[PDB]
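Everything below concerns the one structure shown next.
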Amino acid sequence: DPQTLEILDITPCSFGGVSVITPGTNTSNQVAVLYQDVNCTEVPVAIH
Amino acid sequence: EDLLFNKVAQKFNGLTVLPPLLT
Ligand SMILES: *[C@@H]1O[C@H](CO)[C@@H](O)[C@H](O)[C@H]1NC(C)=O
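So the sequence lines, in the order shown, correspond to chains G and C.
So the first sequence is numbered by UniProt numbering: it starts at 578 and just counts up by one.
Just so you know, the second sequence maps onto residues 819 to 826, 852 to 866 in UniProt numbering.
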């Protein structure tokens with residue numbers, strides 16, 4: 578930091594993929610959503 | 819099998860490393 582002279586890491590803020598596990602559409606209309614390589618503490622904060 | 823395992852998920856610019864189905 579150009580003032581306090583501290584060493585700060587830089588880790589990219591989580592990205593990943595979204596996969597929909599479907600029982601079928603001929604069986605049921607339910608789904609489950611997998612957020613790959615993402616901790617669940619961060620899943621609800623997203624657009625769309 | 820212990821020797822064969824001791825003789826041999853990274854975040855990056857869009858790169859992903861999916862895990863295998865059979866652990
Ligand atoms: C995911 O979040 C939980 C909740 O704090 C934490 O205990 C766990 O270590 C986190 N996972 C990783 C890989 O950091």
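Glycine included, every Cβ here is placed at the ideal spot set by N, Cα and C.
- Within the same chain, and ignoring the five residues on either side of C:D820 in sequence, no residue has its Cβ closer than 6 Å to its Cβ.
- When 7 Å is used as the limit between beta carbons, G:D614 is near these residues of chain C: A852 and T859, in chain order.
- Using beta-carbon distances, G:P589 counts as an interface residue toward chain C, with a partner under 8 Å.
- Rounded to the nearest whole angstrom, the CA to CA distance from C:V860 to G:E619 is 19 Å.
- The set of residues with any CB-heavy atom separation to ligand 1 below 6 Å comprises, in chain order, G:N616 and G:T618.
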